[PDB]
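Spelled out, the chains give:
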There are 2 protein chains.
Amino acid sequence: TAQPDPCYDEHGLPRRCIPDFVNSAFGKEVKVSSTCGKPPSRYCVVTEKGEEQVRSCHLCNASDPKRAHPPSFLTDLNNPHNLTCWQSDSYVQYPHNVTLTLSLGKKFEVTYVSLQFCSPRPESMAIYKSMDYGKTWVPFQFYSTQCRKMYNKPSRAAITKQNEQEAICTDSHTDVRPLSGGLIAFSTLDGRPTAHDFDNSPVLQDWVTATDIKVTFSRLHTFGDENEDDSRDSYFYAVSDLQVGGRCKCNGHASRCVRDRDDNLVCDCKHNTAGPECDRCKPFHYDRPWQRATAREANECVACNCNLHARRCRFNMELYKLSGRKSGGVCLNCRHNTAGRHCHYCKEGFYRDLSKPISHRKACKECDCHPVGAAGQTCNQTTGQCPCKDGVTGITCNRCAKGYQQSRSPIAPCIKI
Amino acid sequence: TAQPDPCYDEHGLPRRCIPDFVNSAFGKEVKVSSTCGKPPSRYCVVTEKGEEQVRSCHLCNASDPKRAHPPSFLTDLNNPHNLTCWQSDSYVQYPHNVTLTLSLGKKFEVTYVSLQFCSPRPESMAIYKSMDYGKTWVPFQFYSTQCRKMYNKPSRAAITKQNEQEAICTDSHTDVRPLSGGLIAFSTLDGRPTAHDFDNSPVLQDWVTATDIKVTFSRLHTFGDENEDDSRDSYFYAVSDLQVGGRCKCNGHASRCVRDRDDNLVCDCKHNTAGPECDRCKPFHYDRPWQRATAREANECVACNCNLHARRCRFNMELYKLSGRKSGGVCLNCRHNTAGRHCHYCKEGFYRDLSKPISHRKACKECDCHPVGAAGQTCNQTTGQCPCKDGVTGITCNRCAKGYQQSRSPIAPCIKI
Ligand SMILES: *[C@@H]1O[C@H](CO[C@@H]2O[C@@H](C)[C@@H](O)[C@@H](O)[C@@H]2O)[C@@H](O[C@@H]2O[C@H](CO)[C@@H](O[C@@H]3O[C@H](CO[C@H]4O[C@H](CO)[C@@H](O)[C@H](O)[C@@H]4O)[C@@H](O)[C@H](O[C@H]4O[C@H](CO)[C@@H](O)[C@H](O)[C@@H]4O)[C@@H]3O)[C@H](O)[C@H]2NC(C)=O)[C@H](O)[C@H]1NC(C)=O
Ligand SMILES: *[C@@H]1O[C@H](CO[C@@H]2O[C@@H](C)[C@@H](O)[C@@H](O)[C@@H]2O)[C@@H](O[C@@H]2O[C@H](CO)[C@@H](O[C@@H]3O[C@H](CO[C@H]4O[C@H](CO)[C@@H](O)[C@H](O)[C@@H]4O)[C@@H](O)[C@H](O[C@H]4O[C@H](CO)[C@@H](O)[C@H](O)[C@@H]4O)[C@@H]3O)[C@H](O)[C@H]2NC(C)=O)[C@H](O)[C@H]1NC(C)=O
Ligand SMILES: *[C@@H]1O[C@H](CO)[C@@H](O[C@@H]2O[C@H](CO)[C@@H](O[C@@H]3O[C@H](CO[C@H]4O[C@H](CO)[C@@H](O)[C@H](O)[C@@H]4O)[C@@H](O)[C@H](O[C@H]4O[C@H](CO)[C@@H](O)[C@H](O)[C@@H]4O)[C@@H]3O)[C@H](O)[C@H]2NC(C)=O)[C@H](O)[C@H]1NC(C)=O
Ligand SMILES: *[C@@H]1O[C@H](CO)[C@@H](O[C@@H]2O[C@H](CO)[C@@H](O[C@@H]3O[C@H](CO[C@H]4O[C@H](CO)[C@@H](O)[C@H](O)[C@@H]4O)[C@@H](O)[C@H](O[C@H]4O[C@H](CO)[C@@H](O)[C@H](O)[C@@H]4O)[C@@H]3O)[C@H](O)[C@H]2NC(C)=O)[C@H](O)[C@H]1NC(C)=O
Ligand SMILES: *[C@@H]1O[C@H](CO)[C@@H](O[C@@H]2O[C@H](CO)[C@@H](O[C@@H]3O[C@H](CO[C@H]4O[C@H](CO)[C@@H](O)[C@H](O)[C@@H]4O)[C@@H](O)[C@H](O[C@H]4O[C@H](CO)[C@@H](O)[C@H](O)[C@@H]4O)[C@@H]3O)[C@H](O)[C@H]2NC(C)=O)[C@H](O)[C@H]1NC(C)=O
Ligand SMILES: *[C@@H]1O[C@H](CO)[C@@H](O[C@@H]2O[C@H](CO)[C@@H](O[C@@H]3O[C@H](CO[C@H]4O[C@H](CO)[C@@H](O)[C@H](O)[C@@H]4O)[C@@H](O)[C@H](O[C@H]4O[C@H](CO)[C@@H](O)[C@H](O)[C@@H]4O)[C@@H]3O)[C@H](O)[C@H]2NC(C)=O)[C@H](O)[C@H]1NC(C)=O
Ligand SMILES: *[C@@H]1O[C@H](CO)[C@@H](O)[C@H](O)[C@H]1NC(C)=O
Ligand SMILES: *[C@@H]1O[C@H](CO)[C@@H](O)[C@H](O)[C@H]1NC(C)=O
Ligand SMILES: [Ca+2]
Ligand SMILES: [Ca+2]
Ligand SMILES: [Cl-]
Ligand SMILES: [Cl-]
């Protein structure tokens with residue numbers, strides 16, 4: 001680890017390591033259902049400086065970068081004295097939802113998502129995630145005043161061990177005031193019966209995993225007095241930069257996340273692991289199956305030992321369990337005359353040449369029998385002794401014994417006296 | 001030997017035996033160069049009853065069975081009070097030879113050939129034999145008055161050990177008187193430097209061997225006084241039955257000689273021997289090579305032991321000598337999974353099933369390996385132990401050991417704890 005490498009310890013040998021925690025939103029462009037712009041639109045702010053509840057109406061023009069509120073302002077530079085704010089059309093209302101989506105383009109373990117509003121917080125909204133890259137969409141958290149009516153939800157009920165992957169519906173962070181600067185923040189891991197036990201809880205690891213994330217504002221609040229109608233008065237969504245705090249899901253096997261040949265984000269997978277999330281593991285590491293890392297056991301994939309005599313290999317769960325969870329990895333395409341599980345013994349008509357280690361290419365000489373002197377071409381595949389005929393000693397059977405005279409006739413090449 | 005069998009002794013086991021000694025001429029038709037017949041011919045006899053040297057001339061007519069002298073009379077019923085006589089034309093003279101031939105149609109060891117004449121004996125003649133059935137002809141004995149002139153022969157010279165197969169030329173049995181009843185008789189084995197040692201002398205065994213036999217009368221005697229010319233006076237050949245005493249050559253391996261499927265004479269070969277003369281030996285008796293019989297060692301051919309697992313086999317002279325003259329006979333087409341010289345051990349991918357004797361058909365079980373449990377299909381071919389993989393005991397490798405747990409995965413079917 002002669003630079004930063006947290007993945008390998010000071011022995012040299014591997015442990016567990018995580019990519020750095022980030023705002024995965026900054027610089028990354030957000031898709032929206034409703035920007036005011038075309039047409040240029042009325043909007044009003046009711047502002048209580050002093051104690052005076054004053055109405056100030058303005059011009060929402062996406063053609064003018066001084067009056068424009070594009071989705072760019074959701075992931076620009078945050079600076080709360082100088083709030084840059086995306087803004088929607090007015091009184092898009094229940095049933096009609098404004099949605100926003102952010103695609104990460106990579107599985108992230110989500111810690112939180114925060115939305116800072118320069119408008120009132122929604123009366124009713126919901127957050128959604130995608131496990132796949134935007135195909136199915138999965139509920140995450142609901143924020144309705146009337147859960148039973150709106151989302152067919154119990155209001156602030158139980159999370160059990162059976163359904164820890166459960167969105168609660170909660171009349172909270174759904175207050176009208178603050179009229180400006182209100183926070184939505186959802187944290188994934190609150191309220192789970194293994195909240196503590198995240199390294200060791202797979203159901204929670206899946207919960208927080210997501211590729212794309214989607215916010216849905218489903219209703220607004222109307223203040224409910226006689227004003228004089230103003231049209232669509234001041235009822236719109238607007239947010240002054242967003243954050244999605246998360247870590248790049250590499251299952252504890254990778255150092256940092258990097259841009260690809262294909263200009264996609266992937267894990268720089270370290271521990272003989274493979275794929276985008278390091279969620280399978282590398283070819284010819286199929287001795288011992290895939291598992292997520294922890295500090296306890298780094299749990300990583302390890303090479304099939306085929307002795308330099310094979311390149312393709314596969315796992316066997318059966319052999320893994322009957323090896324006592326040590327090894328299930330068996331070799332195919334056995335080269336250099338080798339055979340059996342680990343390409344470990346010489347195939348028939350070769351015997352093991354012990355003068356040479358197994359990793360040596362000629363680890364296995366041919367039986368090399370004298371065809372006349374041998375009663376068989378296949379030798380015993382470890383002793384290398386070809387079976388000789390009546391008194392034809394020698395490994396290759398290339399020689400008469402003492403007491404046996406040589407002939408030239410090949411059916412009877414040695415004979416007694 | 002529940003009938004005559006001299007070939008097998010009272011143990012049951014074989015010794016040496018010979019066919020009976022015969023006149024091989026009787027009943028068998030003789031080929032000739034000169035019969036008087038057509039035309040009917042003059043012939044005279046000069047006969048000294050009392051003391052009177054009287055000339056009696058007669059009529060030689062093959063159309064009249066009372067005056068006919070056909071070659072039939074060379075091998076008819078002998079009865080010297082009643083002489084039946086074949087007769088030639090008169091004064092066929094040097095250079096002109098009358099020849100006779102007798103084909104036996106079977107190799108015979110000749111003892112003697114006797115010709116009894118009712119005429120004077122030839123001044124000059126010769127006997128010939130055929131080793132092959134009448135192709136080459138080989139000289140045998142010469143009977144000239146002037147050997148040097150007639151046959152380019154020394155008169156009564158030496159027989160050496162280098163040329164025991166040598167016809168002598170001998171002015172003997174070449175006397176004019178007897179004018180009637182004279183004998184030619186040639187005995188083969190006279191005068192040989194291993195005359196005694198016939199069972200043990202191969203060069204003499206070849207000498208006396210013959211298939212066809214040929215007599216050649218090359219000159220006559222003329223009495224040389226002034227008579228009154230008589231024409232062709234009385235100068236002809238005539239013989240009153242012939243004999244060829246011999247034994248049917250079966251090289252001491254056969255009981256008697258018998259007529260074939262093809263109506264040819266052959267040896268009834270007994271001692272696992274084969275051919276006409278028993279002069280090779282039978283298929284699948286090529287352990288230990290062919291040899292003639294004697295009383296000393298019957299020397300006979302003996303079966304290749306291929307253990308009921310082969311039918312074709314061959315000899316090896318090299319293996320015979322290095323077996324110490326015991327066995328040179330090796331097996332081909334090894335059935336029932338057997339292998340090696342005598343089809344004696346199990347071929348690769350079978351091992352020897354000792355529960356069963358070698359002559360049993362299933363003397364050799366398949367390795368019969370458990371294909372999953374074995375690291376090899378070929379077992380050690382006597383132990384029958386297929387090479388099992390990591391802790392898969394058993395001969396067929398059909399079982400995990402104690403301390404090894406069974407899997408269903410075929411690359412790792414047993415595993416420790
Ligand atoms: C939050 O607001 C979102 C916007 O909607 C507004 O507010 C709501 C309350 C209503 O008053 C509505 O009228 C307003 O406009 C709202 O999202 C919308 O939700 C509806 C219902 O879930 C979606 O409708 C369905 O659309 C699909 C097709 O559209 C999709 O695919 C096409 C491509 O083919 C895409 O281009 C679209 O973008 C979509 O992705 C229909 O197939 C489906 O039909 C169903 O209903 C009909 C009868 O109407 C039946 O006969 C059928 O069998 C089906 O059952 C729906 O019509 C709508 O797509 C979605 N719009 C947008 C723009 O995302 C969200 O639901 C609001 N939340 C709540 C809780 O109200
Ligand atoms: C015992 O008498 C036998 C009969 O002969 C009579 O007496 C002799 C002395 C002469 O006076 C003769 O003229 C009398 O008729 C005698 O047998 C004969 O021997 C001769 C010489 O060895 C044989 O001659 C050779 O014949 C072959 C071909 O004939 C053979 O094959 C045919 C088939 O193609 C058959 O049908 C025949 O039956 C034969 O089997 C010739 O190729 C060969 O030619 C050679 O000589 C010429 C010149 O003349 C050369 O140019 C060549 O290059 C050759 O060298 C011979 O002519 C004859 O076949 C044979 N006849 C019979 C009926 O068997 C025997 O030799 C007398 N014994 C002694 C010691 O005199
Ligand atoms: C919403 O946001 C938009 C900003 O994008 C505001 O638009 C401005 O509106 C004023 C209205 O008076 C525009 O001013 C007038 O434009 C007339 C036409 O000018 C056009 O073409 C010239 C070039 O040929 C451009 O430079 C100009 O931008 C326009 O596109 C002029 O006839 C007027 O002239 C008078 O004032 C000028 C001041 O420079 C004097 O020089 C002249 O002599 C004369 O007295 C006048 O300029 C202004 O152009 C718009 N600005 C921009 C940045 O687009 C909307 O007004 C705003 N509010 C609402 C309620 O919608
Ligand atoms: C090449 O091929 C040959 C044969 O084809 C193999 O050799 C045979 O090897 C086995 C085991 O290697 C020999 O014997 C058997 O050993 C069993 C285990 O004990 C051994 O190992 C333990 C430690 O693990 C030692 O403490 C112990 O001393 C042994 O060395 C025994 O359980 C067996 O005994 C049983 O059978 C015998 C008869 O065989 C009975 O009499 C007993 O009562 C008991 O029931 C057994 O002794 C075996 O004998 C070898 N063969 C021959 C012919 O002698 C090579 O090992 C093989 N190698 C390869 C890799 O291919
Ligand atoms: C050599 O050997 C042959 C033997 O094969 C002798 O041949 C005999 O020769 C005599 C000569 O006189 C033959 O006899 C005469 O044959 C004449 C013709 O007959 C032929 O046809 C009849 C049937 O039609 C046959 O049966 C017969 O065999 C002949 O083929 C006759 O005209 C003669 O007839 C006279 O005698 C007979 C005897 O029976 C009387 O009945 C008649 O009336 C008449 O008087 C006479 O028969 C004789 O046939 C031959 N015999 C045989 C067995 O063939 C040679 O003679 C002998 N010698 C010499 C020197 O060559
Ligand atoms: C199946 O396959 C296995 C192995 O593939 C064979 O088993 C091996 O068999 C050999 C011989 O059968 C074992 O050992 C060697 O034996 C030599 C001969 O001695 C044996 O036989 C004589 C009688 O003929 C006995 O008196 C004697 O006690 C032995 O039983 C020794 O000369 C060898 O010793 C030499 O090598 C050793 C090291 O191996 C040295 O330390 C010595 O100094 C010396 O130089 C040797 O001991 C051999 O060990 C077996 N294998 C294993 C792994 O143990 C089966 O026989 C075979 N069968 C068939 C038919 O296929
Ligand atoms: C930001 O600061 C400037 C002075 O530098 C001030 O004129 C401006 O009105 C401020 N903007 C907001 C939106 O508070
Ligand atoms: C044979 O015997 C008979 C009498 O039975 C006699 O007439 C005949 O002449 C004899 N033949 C010879 C050739 O001696
Ligand atoms: Ca901002
Ligand atoms: Ca006669
Ligand atoms: Cl290589
Ligand atoms: Cl069979």
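Definitions and cut-offs
- The residue numbers you see begin from 1 on each chain and track the sequence as written, which may not match the entry, and residues missing coordinates are not shown.
- Each chain is given a letter, starting from A, and each ligand a number, starting from 1, according to the order in which they appear as written.
- In computing side-chain properties, one takes all heavy atoms of the structure into account and sets aside hydrogens as well as water.
- With water excluded from the atoms, a metal site may look incomplete; its donors are any N, O or S atoms within 2.8 Å, or within 3.2 Å for Na, K and Ca.
- Think of it in three bands: residues with accessible area under 20% of the maximum for their type are buried, residues over 50% are exposed, and the middle band is partly exposed, with areas taken using a 1.4 Å probe on protein chains only.
- Note on terminology: pairs of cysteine sulfur atoms within 2.5 Å are recorded as disulfides.
- UniProt positions are given in the numbering used here, feature names are shortened, and annotations may be inferred rather than shown by experiment.
- The secondary structure listing takes helices from DSSP runs of H or I that are at least 4 residues long and strands from runs of E that are at least 2 residues long, numbered from the N terminus.
- Contacts were defined at the residue level, with two residues in contact if any of their heavy atoms lie within 4.5 Å.
- Counted as a polar contact is a pair of N or O atoms within 3.5 Å, where, for protein atoms, one must be capable of donating a hydrogen and the other of accepting one, and residues adjacent in sequence contribute only when both atoms are in side chains.
- Just to be clear on terms, a salt bridge is a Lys or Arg side-chain nitrogen sitting within 4 Å of an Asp or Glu carboxyl oxygen.
- Just so you know the grouping, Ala, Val, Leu, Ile, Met, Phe, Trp, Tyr, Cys and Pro go in nonpolar, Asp, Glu, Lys and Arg go in charged, and all remaining residues, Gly too, go in polar.
- Aromatic rings from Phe, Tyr and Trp, with only the six-membered ring used for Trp, were paired whenever their centres fell within 6.5 Å, and each pair was classed as stacked if the ring planes differed by under 30 degrees, edge-to-face if by over 60, and tilted otherwise.
- Here, over-ring charges are defined by two tests on the NZ atom of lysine or the CZ atom of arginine: distance to the ring centre within 6 Å, and angle to the ring normal within 35 degrees.

Looking at the entry header, you'll see X-ray crystallography listed as the method and 3.400 Å as the resolution.

This next bit is on the coordination of the calcium ion (ligand 10). At 2.4 Å from the calcium ion (ligand 10) lie its protein donor atoms, namely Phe73 of chain B (O), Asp76 of chain B (OD), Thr84 of chain B (O), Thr84 of chain B (OG1) and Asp241 of chain B (OD). Residue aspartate 241 of chain B is classed as buried on the basis of its relative accessible area of 7%.

Residue and element names in this part refer to chain A. With a threshold of 2.5 Å on the sulfur distance, the UniProt-listed cystine of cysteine 269 and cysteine 278 is realised in this model at 2.0 Å. We classify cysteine 278 as buried; its relative accessible area is 0%. For the UniProt disulfide linking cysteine 334 and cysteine 343, the S-S separation comes out at 2.1 Å, below the 2.5 Å cut-off, so the bridge is there in this model.

All names here are of chain B. In this fold, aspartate 199 is placed in the loop between strand 9 (183–187) and helix 2 (202–207). Note on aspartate 199: relative accessible area 35%, which makes it partly exposed. Setting aside residues up to four positions removed in sequence, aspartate 199 forms contacts with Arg16, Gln205, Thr294 and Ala295. In this structure the side chain of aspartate 199 is engaged in a polar contact, spanning 2.9 Å, whose partner is the side chain of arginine 16.

Turning next to the interface of chain B and chain A. On the chain A side, the residues contacting the 27 residues of chain B number 27 residues. The tally of links between chain B and chain A comes to two salt bridges. Counting every contact that joins chain B to chain A gives 10 residue pairs in polar contact. No other element matches helix 3 (residues 317–322) of chain B, which puts three residues into the side of chain B that touches chain A. Of the residues assigned to the side of chain B that touches chain A, the class counts are nine nonpolar, 10 polar and eight charged.

Here we come to the packing of aromatic side chains. Residues and elements named next belong to chain A. Applying the stated criterion across every chain yields a total of 18 aromatic pairs over all chains. Look at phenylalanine 117 and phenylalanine 217: their rings are 6.2 Å apart centre to centre, the planes differ by 65°, and that puts the pair in the edge-to-face class. With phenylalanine 117 in strand 6 (residues 98–117) and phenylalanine 217 in strand 10 (residues 209–217), this residue pair connects regions lying 100 residues apart in the sequence. With respect to burial, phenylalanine 117 and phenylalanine 217 carry one shared label: buried. For the ring pair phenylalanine 140 and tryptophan 207, a centre distance of 5.1 Å and an interplane angle of 35° mean the geometry is tilted. Taken as a pair, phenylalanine 140 in strand 8 (residues 138–142) and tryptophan 207 in helix 2 (residues 202–207) lie far apart in primary sequence, 67 residues in all. In this structure, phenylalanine 140 and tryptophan 207 share a single accessibility class: buried. Through a chain of ring-to-ring contacts, three or more aromatic side chains come together here, namely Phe117, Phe217 and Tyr237. Stacked on the ring of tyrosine 128, the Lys or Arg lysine 214 has its end atom at 5.7 Å from the ring centre.

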